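S.K.: My file is model38.txt. It has compact mmCIF, C-alpha atoms and all ligand atoms:
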```txt
# COMPACT_ATOMS: atom_id res chain seq x y z
CA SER V 1 215.28 -32.38 114.74
CA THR V 2 211.87 -32.31 116.43
CA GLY V 3 208.17 -32.79 115.78
CA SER V 4 204.93 -31.59 117.32
CA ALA V 5 201.36 -32.65 116.55
CA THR V 6 197.96 -31.87 118.03
CA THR V 7 195.91 -34.80 119.29
CA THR V 8 192.12 -34.53 119.56
CA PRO V 9 189.55 -36.64 121.44
CA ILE V 10 187.35 -38.65 119.10
CA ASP V 11 184.14 -38.05 121.09
CA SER V 12 182.69 -36.25 124.10
CA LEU V 13 183.96 -38.88 126.58
CA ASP V 14 187.66 -38.88 125.53
CA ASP V 15 187.34 -42.53 124.48
CA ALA V 16 190.42 -42.14 122.25
CA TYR V 17 192.67 -39.48 120.75
CA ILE V 18 193.54 -39.16 117.05
CA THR V 19 196.62 -37.43 115.66
CA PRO V 20 197.15 -36.57 111.97
CA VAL V 21 200.03 -38.43 110.34
CA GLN V 22 201.39 -37.94 106.81
CA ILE V 23 202.23 -41.14 104.92
CA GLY V 24 203.65 -41.45 101.41
CA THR V 25 204.60 -39.13 98.56
CA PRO V 26 202.55 -37.11 97.90
CA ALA V 27 201.30 -37.04 101.49
CA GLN V 28 198.23 -39.04 102.46
CA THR V 29 196.96 -37.77 105.81
CA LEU V 30 195.44 -40.33 108.16
CA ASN V 31 194.21 -39.80 111.72
CA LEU V 32 195.98 -42.40 113.86
CA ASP V 33 195.60 -43.48 117.49
CA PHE V 34 198.99 -43.06 119.21
CA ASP V 35 199.35 -46.15 121.40
CA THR V 36 202.23 -46.51 123.86
CA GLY V 37 200.89 -50.01 124.64
CA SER V 38 201.71 -51.56 121.25
CA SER V 39 204.44 -51.41 118.63
CA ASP V 40 202.78 -51.75 115.22
CA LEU V 41 201.97 -48.92 112.80
CA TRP V 42 198.97 -50.30 110.93
CA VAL V 43 196.46 -48.46 108.77
CA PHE V 44 193.25 -48.99 106.87
CA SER V 45 194.24 -49.30 103.23
CA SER V 46 193.02 -50.03 99.71
CA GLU V 47 193.78 -53.67 100.60
CA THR V 48 191.30 -53.84 103.50
CA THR V 49 188.25 -55.93 102.61
CA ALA V 50 185.55 -53.52 101.52
CA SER V 51 182.86 -54.66 103.97
CA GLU V 52 185.20 -53.96 106.92
CA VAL V 53 185.58 -50.26 105.99
CA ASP V 54 182.96 -47.69 107.09
CA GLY V 55 184.07 -44.09 106.55
CA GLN V 56 187.76 -44.42 107.40
CA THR V 57 190.44 -42.71 105.35
CA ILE V 58 192.48 -45.42 103.62
CA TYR V 59 196.16 -45.55 102.68
CA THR V 60 196.64 -46.28 98.98
CA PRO V 61 200.24 -47.47 98.45
CA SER V 62 199.78 -47.51 94.66
CA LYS V 63 199.49 -43.70 94.72
CA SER V 64 202.74 -43.22 96.69
CA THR V 65 206.00 -42.95 94.76
CA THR V 66 208.00 -43.90 97.89
CA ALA V 67 206.01 -47.00 98.89
CA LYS V 68 207.73 -50.38 98.60
CA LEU V 69 206.19 -53.75 99.34
CA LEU V 70 208.18 -55.55 102.05
CA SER V 71 208.24 -58.86 100.20
CA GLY V 72 207.02 -61.83 102.23
CA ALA V 73 206.31 -59.89 105.42
CA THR V 74 203.03 -60.36 107.27
CA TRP V 75 201.63 -59.07 110.55
CA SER V 76 198.91 -60.23 112.93
CA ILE V 77 198.03 -58.49 116.18
CA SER V 78 195.44 -58.97 118.93
CA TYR V 79 194.76 -56.35 121.58
CA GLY V 80 193.80 -56.88 125.22
CA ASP V 81 190.18 -55.96 124.49
CA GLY V 82 189.85 -58.72 121.87
CA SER V 83 190.37 -56.46 118.85
CA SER V 84 192.53 -57.78 116.02
CA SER V 85 193.88 -56.93 112.56
CA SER V 86 196.33 -58.39 110.05
CA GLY V 87 197.76 -57.94 106.56
CA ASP V 88 200.96 -57.30 104.62
CA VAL V 89 203.70 -54.70 105.03
CA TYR V 90 204.95 -51.74 103.01
CA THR V 91 207.78 -49.34 103.67
CA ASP V 92 207.09 -45.65 103.08
CA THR V 93 207.86 -42.16 104.30
CA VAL V 94 205.98 -41.18 107.47
CA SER V 95 205.83 -37.69 108.99
CA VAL V 96 204.40 -36.57 112.34
CA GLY V 97 204.18 -32.83 112.95
CA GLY V 98 207.18 -32.03 110.76
CA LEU V 99 209.29 -35.03 111.87
CA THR V 100 209.97 -37.31 108.89
CA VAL V 101 211.15 -40.94 108.89
CA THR V 102 211.98 -42.67 105.61
CA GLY V 103 211.55 -46.41 105.17
CA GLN V 104 209.08 -46.80 108.03
CA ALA V 105 207.20 -50.10 108.14
CA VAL V 106 203.55 -49.36 107.31
CA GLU V 107 201.43 -52.44 108.00
CA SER V 108 198.51 -52.53 105.58
CA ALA V 109 195.39 -54.01 107.17
CA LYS V 110 193.74 -56.64 104.99
CA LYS V 111 191.37 -57.72 107.79
CA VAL V 112 190.20 -55.72 110.82
CA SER V 113 187.92 -56.65 113.70
CA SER V 114 184.42 -55.27 114.12
CA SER V 115 185.38 -52.70 116.76
CA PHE V 116 187.73 -50.90 114.35
CA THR V 117 185.18 -50.97 111.49
CA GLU V 118 182.50 -49.27 113.59
CA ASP V 119 184.93 -46.50 114.66
CA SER V 120 185.03 -44.26 111.58
CA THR V 121 187.21 -41.62 113.28
CA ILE V 122 190.31 -43.84 113.72
CA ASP V 123 192.21 -44.66 110.51
CA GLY V 124 194.83 -46.75 112.29
CA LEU V 125 197.29 -47.09 115.14
CA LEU V 126 200.82 -45.78 115.68
CA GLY V 127 202.57 -47.99 118.21
CA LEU V 128 205.01 -46.35 120.63
CA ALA V 129 205.95 -49.23 122.93
CA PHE V 130 209.31 -50.96 122.52
CA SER V 131 210.07 -52.59 119.18
CA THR V 132 210.37 -56.05 120.76
CA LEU V 133 206.54 -56.24 120.65
CA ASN V 134 206.24 -55.63 116.89
CA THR V 135 204.34 -58.44 115.17
CA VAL V 136 205.93 -58.35 111.70
CA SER V 137 207.23 -61.76 110.62
CA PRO V 138 209.74 -63.05 109.70
CA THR V 139 211.70 -59.78 110.10
CA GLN V 140 210.66 -57.70 113.11
CA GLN V 141 210.20 -54.00 112.39
CA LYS V 142 211.04 -50.88 114.37
CA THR V 143 208.53 -48.33 115.62
CA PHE V 144 208.31 -44.75 114.42
CA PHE V 145 210.00 -43.58 117.63
CA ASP V 146 212.85 -46.07 117.28
CA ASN V 147 213.51 -45.06 113.66
CA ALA V 148 213.41 -41.34 114.52
CA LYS V 149 215.53 -41.65 117.68
CA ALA V 150 218.92 -40.85 116.17
CA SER V 151 217.77 -37.67 114.42
CA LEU V 152 215.83 -36.37 117.43
CA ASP V 153 217.52 -33.64 119.46
CA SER V 154 216.69 -35.72 122.56
CA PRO V 155 215.46 -39.35 122.43
CA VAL V 156 212.16 -38.45 124.12
CA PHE V 157 208.53 -37.90 123.31
CA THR V 158 205.92 -36.33 125.57
CA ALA V 159 202.18 -36.87 125.94
CA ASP V 160 200.04 -33.90 126.99
CA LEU V 161 196.48 -35.20 126.70
CA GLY V 162 193.56 -32.86 127.23
CA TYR V 163 190.39 -33.32 129.26
CA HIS V 164 187.55 -32.86 126.74
CA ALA V 165 190.04 -30.76 124.77
CA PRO V 166 192.86 -31.16 122.23
CA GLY V 167 196.37 -31.94 123.40
CA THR V 168 199.92 -32.32 122.11
CA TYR V 169 202.42 -35.07 121.26
CA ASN V 170 205.96 -33.70 121.05
CA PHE V 171 209.00 -35.56 119.71
CA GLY V 172 212.59 -34.66 120.51
CA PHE V 173 212.13 -31.93 123.13
CA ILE V 174 210.48 -31.15 126.46
CA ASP V 175 208.20 -28.08 126.46
CA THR V 176 208.99 -26.47 129.82
CA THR V 177 205.90 -24.23 129.46
CA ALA V 178 203.48 -27.20 129.38
CA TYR V 179 203.71 -28.19 133.07
CA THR V 180 204.01 -26.78 136.58
CA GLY V 181 206.71 -27.52 139.13
CA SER V 182 209.26 -30.26 138.54
CA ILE V 183 209.20 -33.45 136.50
CA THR V 184 209.56 -36.57 138.65
CA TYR V 185 211.33 -39.39 136.83
CA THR V 186 210.92 -43.08 137.69
CA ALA V 187 212.57 -46.22 136.36
CA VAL V 188 211.11 -48.26 133.50
CA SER V 189 211.27 -52.02 132.98
CA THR V 190 211.35 -53.06 129.31
CA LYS V 191 211.20 -56.78 130.11
CA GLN V 192 207.66 -57.17 128.73
CA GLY V 193 208.13 -54.59 125.97
CA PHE V 194 205.90 -52.01 127.69
CA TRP V 195 206.54 -48.67 129.36
CA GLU V 196 206.29 -50.49 132.70
CA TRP V 197 206.85 -48.69 136.00
CA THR V 198 205.96 -48.88 139.70
CA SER V 199 203.64 -46.37 141.35
CA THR V 200 204.40 -45.65 144.99
CA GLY V 201 200.82 -45.63 146.30
CA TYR V 202 197.46 -43.94 146.16
CA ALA V 203 194.83 -41.92 148.00
CA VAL V 204 191.07 -41.52 147.60
CA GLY V 205 189.64 -38.02 147.82
CA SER V 206 191.12 -36.20 150.81
CA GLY V 207 192.00 -39.48 152.54
CA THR V 208 195.35 -40.72 153.79
CA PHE V 209 197.92 -41.75 151.21
CA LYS V 210 198.47 -45.52 151.23
CA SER V 211 202.10 -46.36 150.49
CA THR V 212 202.02 -49.51 148.36
CA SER V 213 203.76 -50.60 145.18
CA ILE V 214 201.57 -50.80 142.08
CA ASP V 215 203.26 -52.18 138.98
CA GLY V 216 201.63 -51.07 135.75
CA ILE V 217 202.11 -49.73 132.25
CA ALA V 218 201.69 -46.23 130.81
CA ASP V 219 199.29 -46.83 127.91
CA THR V 220 197.91 -43.94 125.85
CA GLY V 221 195.91 -46.49 123.84
CA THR V 222 193.78 -47.57 126.81
CA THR V 223 190.91 -45.32 127.84
CA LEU V 224 190.40 -46.22 131.49
CA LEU V 225 192.48 -46.80 134.62
CA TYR V 226 192.78 -50.49 135.56
CA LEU V 227 194.08 -51.12 139.09
CA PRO V 228 194.07 -54.07 141.53
CA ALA V 229 190.78 -55.08 143.10
CA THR V 230 191.76 -53.83 146.56
CA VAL V 231 192.44 -50.30 145.30
CA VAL V 232 189.34 -50.15 143.10
CA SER V 233 187.09 -51.38 145.91
CA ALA V 234 188.49 -48.72 148.26
CA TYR V 235 187.73 -45.99 145.72
CA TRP V 236 184.17 -47.01 144.86
CA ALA V 237 183.30 -47.58 148.52
CA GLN V 238 183.41 -43.78 148.86
CA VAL V 239 180.67 -43.29 146.22
CA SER V 240 177.09 -43.60 147.48
CA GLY V 241 175.22 -46.28 145.56
CA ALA V 242 178.23 -47.50 143.59
CA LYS V 243 178.43 -51.23 142.87
CA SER V 244 180.15 -53.69 140.58
CA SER V 245 177.73 -54.87 137.88
CA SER V 246 178.28 -58.20 136.14
CA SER V 247 175.86 -57.32 133.33
CA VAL V 248 177.58 -54.01 132.60
CA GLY V 249 181.07 -55.40 133.15
CA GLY V 250 182.44 -53.13 135.85
CA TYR V 251 181.67 -50.55 138.50
CA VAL V 252 178.71 -48.23 137.86
CA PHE V 253 177.38 -45.41 140.00
CA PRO V 254 174.33 -43.13 140.19
CA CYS V 255 174.79 -40.34 137.67
CA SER V 256 173.69 -37.90 140.42
CA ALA V 257 176.66 -38.77 142.64
CA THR V 258 179.78 -36.61 142.81
CA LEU V 259 183.05 -38.45 142.44
CA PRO V 260 186.11 -38.09 144.69
CA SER V 261 189.50 -37.48 143.18
CA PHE V 262 192.12 -40.22 142.90
CA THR V 263 195.79 -39.62 143.70
CA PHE V 264 198.60 -41.89 142.51
CA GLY V 265 202.24 -41.71 143.55
CA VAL V 266 205.30 -41.17 141.36
CA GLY V 267 208.29 -41.59 143.62
CA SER V 268 207.71 -38.94 146.27
CA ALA V 269 205.45 -36.85 144.02
CA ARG V 270 201.67 -37.04 143.73
CA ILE V 271 199.46 -36.83 140.64
CA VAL V 272 195.83 -35.93 141.36
CA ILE V 273 193.09 -37.13 139.00
CA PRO V 274 190.02 -34.86 139.43
CA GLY V 275 186.82 -36.76 140.10
CA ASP V 276 185.20 -35.40 136.93
CA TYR V 277 187.80 -37.31 134.88
CA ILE V 278 186.43 -40.60 136.27
CA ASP V 279 182.84 -40.02 135.05
CA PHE V 280 182.21 -41.80 131.74
CA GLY V 281 178.53 -40.96 131.50
CA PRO V 282 175.37 -43.05 131.33
CA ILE V 283 175.80 -46.72 130.47
CA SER V 284 173.01 -46.23 127.92
CA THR V 285 171.14 -43.26 126.50
CA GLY V 286 168.76 -41.92 129.13
CA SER V 287 170.05 -44.19 131.91
CA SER V 288 170.60 -42.85 135.42
CA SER V 289 173.49 -45.31 135.94
CA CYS V 290 176.91 -43.99 134.94
CA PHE V 291 180.09 -45.92 134.10
CA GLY V 292 183.21 -45.45 136.22
CA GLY V 293 186.63 -44.58 134.84
CA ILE V 294 188.52 -46.66 137.43
CA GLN V 295 188.04 -50.42 137.01
CA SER V 296 189.61 -53.64 138.27
CA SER V 297 192.60 -55.19 136.49
CA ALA V 298 191.90 -58.65 137.95
CA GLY V 299 190.54 -59.96 134.66
CA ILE V 300 193.46 -58.49 132.68
CA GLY V 301 196.57 -59.63 134.56
CA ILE V 302 198.36 -56.27 134.39
CA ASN V 303 197.62 -52.81 135.75
CA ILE V 304 197.05 -50.14 133.10
CA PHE V 305 197.59 -46.41 133.63
CA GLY V 306 195.39 -45.40 130.71
CA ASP V 307 194.15 -42.04 129.45
CA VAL V 308 192.16 -41.33 132.63
CA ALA V 309 195.44 -41.14 134.56
CA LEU V 310 197.77 -39.82 131.85
CA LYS V 311 195.62 -36.82 130.89
CA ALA V 312 195.96 -35.53 134.46
CA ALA V 313 199.72 -35.13 133.89
CA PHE V 314 202.44 -34.06 131.51
CA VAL V 315 204.17 -37.37 130.73
CA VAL V 316 207.72 -37.76 129.39
CA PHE V 317 208.63 -41.02 127.64
CA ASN V 318 212.43 -40.98 127.86
CA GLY V 319 213.82 -43.47 125.36
CA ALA V 320 217.45 -43.14 126.39
CA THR V 321 219.64 -46.23 126.77
CA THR V 322 218.26 -46.46 130.31
CA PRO V 323 214.59 -45.56 129.72
CA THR V 324 212.61 -43.56 132.28
CA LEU V 325 209.12 -42.10 132.69
CA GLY V 326 208.64 -38.49 133.76
CA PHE V 327 205.46 -37.15 135.37
CA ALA V 328 204.55 -33.55 136.11
CA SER V 329 201.46 -31.70 137.24
CA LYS V 330 199.92 -29.33 134.71
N1 LIG E 1 196.85 -50.25 124.18
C1 LIG E 1 197.62 -51.41 123.77
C2 LIG E 1 197.47 -52.55 124.78
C3 LIG E 1 196.26 -53.21 124.91
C4 LIG E 1 196.14 -54.25 125.83
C5 LIG E 1 197.23 -54.62 126.60
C6 LIG E 1 197.11 -55.76 127.61
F1 LIG E 1 195.81 -56.14 127.74
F2 LIG E 1 197.85 -56.82 127.16
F3 LIG E 1 197.60 -55.35 128.82
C7 LIG E 1 198.43 -53.95 126.47
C8 LIG E 1 198.55 -52.92 125.56
```
Write out the structure in this file as structure tokens.
M.R.:
Amino acid sequence: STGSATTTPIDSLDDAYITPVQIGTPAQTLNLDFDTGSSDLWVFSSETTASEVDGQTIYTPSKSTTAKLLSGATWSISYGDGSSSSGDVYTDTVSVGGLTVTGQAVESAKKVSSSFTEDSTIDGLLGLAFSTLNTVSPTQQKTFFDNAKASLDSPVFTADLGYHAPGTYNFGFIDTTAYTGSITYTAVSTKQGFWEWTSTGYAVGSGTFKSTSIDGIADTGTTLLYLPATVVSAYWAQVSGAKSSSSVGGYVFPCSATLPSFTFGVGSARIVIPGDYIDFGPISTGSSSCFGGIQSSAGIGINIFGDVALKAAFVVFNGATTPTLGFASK
């Protein structure tokens, strides 16, 4: 079987993408953030403390005939940006774009951090990293992808994120009409539980391609592109008036500047990120300083190929016994 669901940016800057997901019987539809950088499916629920809920749609397990409390199970997760959430665990039926999994662990948030509360468009997260990162104790739980794997025609899902436009998450098949040319596959390391791979180099604008190995993760749940300091300095040096700002927390540039493209390597292939994708608009309303979409990973400890990079490509997450990542121009 297969599934296909439209994903939509939550705002005008593509800060995140939400995808409708059906949970329970009868269906309760929540808009979840599909995150290949984590492995927990957690949702706002009727159990979330009332003051930490501001406009989100909430999962009510008491209204679902298929919901079962997973007795004794708890979860606690903390994301690389400082966000956190925790609660108890139910099992229920979960459907994405026609693809249905029964008995999926649905982690009910009893407490959520302030950043989730103030984001009324995101009802929860659907983790798509490897199940070894799942935070349910004492019995670790499988992701939606892992539970669906056997029934999928092919053990793959694809991310086709749009630039200021809706996109598509497909499960079980590769849409050969969604990309141009060939798909270039590259090996994945699952040692840290991420979709971790090695880029073969980069280029700035129309400059020479620098062959160098960049280890990083493919993370749909991260907005920006986080690369080593040497690469990020070489990019922003080509933008008149750009500078790293300690008060803002990254590179900013005059909103009047035009940005060069950024090319990253996938084996022998090249993926070009148009310069417009790197503009994240004024740092504050009315400001003439704009925030850059390529930032340093030095403070993070791992390089992150976030939405800025992934939306420039058709990306195949191949969850075969030997996992691989496929990249294609589109
Ligand atoms: N989007 C999930 C996510 C967030 C942060 C990290 C970090 F910071 F640990 F790299 C990995 C994955």
S.K.: Ligand LIG 1 (chain E): which residues are within 12 Å, counting only C-alpha atoms and all ligand atoms? Reply as a VMD selection string.
M.R.: chain V and resid 16 33 to 40 77 to 84 125 to 130 133 to 134 192 to 196 216 to 227 297 to 307
S.K.: Keeping only C-alpha atoms, write those residues as a PDB file, in the frame of the given file.
M.R.:
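And here's result_8.pdb as it stands now:
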```
ATOM      1  CA  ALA V  16     190.420 -42.140 122.250  1.00  0.00           C
ATOM      2  CA  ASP V  33     195.600 -43.480 117.490  1.00  0.00           C
ATOM      3  CA  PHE V  34     198.990 -43.060 119.210  1.00  0.00           C
ATOM      4  CA  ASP V  35     199.350 -46.150 121.400  1.00  0.00           C
ATOM      5  CA  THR V  36     202.230 -46.510 123.860  1.00  0.00           C
ATOM      6  CA  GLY V  37     200.890 -50.010 124.640  1.00  0.00           C
ATOM      7  CA  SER V  38     201.710 -51.560 121.250  1.00  0.00           C
ATOM      8  CA  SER V  39     204.440 -51.410 118.630  1.00  0.00           C
ATOM      9  CA  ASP V  40     202.780 -51.750 115.220  1.00  0.00           C
ATOM     10  CA  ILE V  77     198.030 -58.490 116.180  1.00  0.00           C
ATOM     11  CA  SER V  78     195.440 -58.970 118.930  1.00  0.00           C
ATOM     12  CA  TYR V  79     194.760 -56.350 121.580  1.00  0.00           C
ATOM     13  CA  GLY V  80     193.800 -56.880 125.220  1.00  0.00           C
ATOM     14  CA  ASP V  81     190.180 -55.960 124.490  1.00  0.00           C
ATOM     15  CA  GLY V  82     189.850 -58.720 121.870  1.00  0.00           C
ATOM     16  CA  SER V  83     190.370 -56.460 118.850  1.00  0.00           C
ATOM     17  CA  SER V  84     192.530 -57.780 116.020  1.00  0.00           C
ATOM     18  CA  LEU V 125     197.290 -47.090 115.140  1.00  0.00           C
ATOM     19  CA  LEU V 126     200.820 -45.780 115.680  1.00  0.00           C
ATOM     20  CA  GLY V 127     202.570 -47.990 118.210  1.00  0.00           C
ATOM     21  CA  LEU V 128     205.010 -46.350 120.630  1.00  0.00           C
ATOM     22  CA  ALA V 129     205.950 -49.230 122.930  1.00  0.00           C
ATOM     23  CA  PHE V 130     209.310 -50.960 122.520  1.00  0.00           C
ATOM     24  CA  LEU V 133     206.540 -56.240 120.650  1.00  0.00           C
ATOM     25  CA  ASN V 134     206.240 -55.630 116.890  1.00  0.00           C
ATOM     26  CA  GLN V 192     207.660 -57.170 128.730  1.00  0.00           C
ATOM     27  CA  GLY V 193     208.130 -54.590 125.970  1.00  0.00           C
ATOM     28  CA  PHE V 194     205.900 -52.010 127.690  1.00  0.00           C
ATOM     29  CA  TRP V 195     206.540 -48.670 129.360  1.00  0.00           C
ATOM     30  CA  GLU V 196     206.290 -50.490 132.700  1.00  0.00           C
ATOM     31  CA  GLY V 216     201.630 -51.070 135.750  1.00  0.00           C
ATOM     32  CA  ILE V 217     202.110 -49.730 132.250  1.00  0.00           C
ATOM     33  CA  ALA V 218     201.690 -46.230 130.810  1.00  0.00           C
ATOM     34  CA  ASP V 219     199.290 -46.830 127.910  1.00  0.00           C
ATOM     35  CA  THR V 220     197.910 -43.940 125.850  1.00  0.00           C
ATOM     36  CA  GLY V 221     195.910 -46.490 123.840  1.00  0.00           C
ATOM     37  CA  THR V 222     193.780 -47.570 126.810  1.00  0.00           C
ATOM     38  CA  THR V 223     190.910 -45.320 127.840  1.00  0.00           C
ATOM     39  CA  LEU V 224     190.400 -46.220 131.490  1.00  0.00           C
ATOM     40  CA  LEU V 225     192.480 -46.800 134.620  1.00  0.00           C
ATOM     41  CA  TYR V 226     192.780 -50.490 135.560  1.00  0.00           C
ATOM     42  CA  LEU V 227     194.080 -51.120 139.090  1.00  0.00           C
ATOM     43  CA  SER V 297     192.600 -55.190 136.490  1.00  0.00           C
ATOM     44  CA  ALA V 298     191.900 -58.650 137.950  1.00  0.00           C
ATOM     45  CA  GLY V 299     190.540 -59.960 134.660  1.00  0.00           C
ATOM     46  CA  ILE V 300     193.460 -58.490 132.680  1.00  0.00           C
ATOM     47  CA  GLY V 301     196.570 -59.630 134.560  1.00  0.00           C
ATOM     48  CA  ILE V 302     198.360 -56.270 134.390  1.00  0.00           C
ATOM     49  CA  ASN V 303     197.620 -52.810 135.750  1.00  0.00           C
ATOM     50  CA  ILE V 304     197.050 -50.140 133.100  1.00  0.00           C
ATOM     51  CA  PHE V 305     197.590 -46.410 133.630  1.00  0.00           C
ATOM     52  CA  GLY V 306     195.390 -45.400 130.710  1.00  0.00           C
ATOM     53  CA  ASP V 307     194.150 -42.040 129.450  1.00  0.00           C
TER      54      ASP V 307
END
```
S.K.: Determine, counting only C-alpha atoms, which protein, DNA and RNA residues have an atom within 9 Å of an atom of residue V:320; residues of the same chain fewer than 4 positions away are not included. Present the result as a list in words.
M.R.: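 Within the cut-off, the hits are residues 154, 155, 156 and 324 of chain V.
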S.K.: Find the residue from V:137, V:100, V:56, V:132 that sits nearest to residue V:71; use only C-alpha atoms when measuring.
M.R.: V:137
S.K.: Could you tell me which of V:92, V:178, V:173, V:243 comes closest to residue V:161 if we count only C-alpha atoms?
M.R.: V:178
S.K.: Hey, could you make a per-residue contact list for stretch 125-207 of chain V against stretch 271-291 of chain V with 10 Å as the cut-off, showing the nearest pair of atoms and its distance in Å to one decimal, counting only C-alpha atoms, sorted by chain and number, as JSON lines?
M.R.:
```
{"residue": "V:163", "atom": "CA", "partner": "V:277", "partner_atom": "CA", "distance": 7.4}
{"residue": "V:164", "atom": "CA", "partner": "V:277", "partner_atom": "CA", "distance": 9.3}
{"residue": "V:202", "atom": "CA", "partner": "V:271", "partner_atom": "CA", "distance": 9.2}
{"residue": "V:203", "atom": "CA", "partner": "V:272", "partner_atom": "CA", "distance": 9.0}
{"residue": "V:204", "atom": "CA", "partner": "V:272", "partner_atom": "CA", "distance": 9.6}
{"residue": "V:205", "atom": "CA", "partner": "V:275", "partner_atom": "CA", "distance": 8.3}
```
S.K.: Using only C-alpha atoms for the distances, tell me which of V:147, V:57, V:104, V:121 is nearest to residue V:10.
M.R.: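 Of V:147, V:57, V:104, V:121, the one nearest residue V:10, counting only C-alpha atoms, is V:121.
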S.K.: Please determine, counting only C-alpha atoms, which residue among V:105, V:43, V:150, V:188 has the shortest atom-to-atom distance to residue V:122.
M.R.: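 Using only C-alpha atoms, residue V:122 sits closest to V:43.
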S.K.: So, counting all atoms listed in the file, which residue among V:309, V:257, V:269, V:21 is closest to residue V:242?
M.R.: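 Between V:309, V:257, V:269, V:21, the residue approaching residue V:242 most closely is V:257.
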S.K.: Which one is closest to residue V:160: V:174, V:89, V:237, V:148? Count only C-alpha atoms.
M.R.: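 Closest to residue V:160, using only C-alpha atoms: V:174.
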S.K.: One number please: atom CA of residue V:23 to atom CA of residue V:64, in Å, one decimal.
M.R.: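 Answer for the atom CA of residue V:23 to atom CA of residue V:64 separation: 8.5 Å.
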S.K.: Have a look at atom CA of residue V:103 and atom CA of residue V:7 and let me know their distance in Å, one decimal.
M.R.: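 Calculated distance between atom CA of residue V:103 and atom CA of residue V:7 is 24.1 Å.
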S.K.: Work out how far atom CA of residue V:328 is from atom CA of residue V:308, in Å to one decimal.
M.R.: 15.0 Å
S.K.: Excluding residue V:97 and residues on its chain fewer than 5 positions from it, collect all residues at most 10 Å away from it, counting only C-alpha atoms, and give them as a PyMOL selection string.
M.R.: chain V and resi 2-6+19-22+169-171
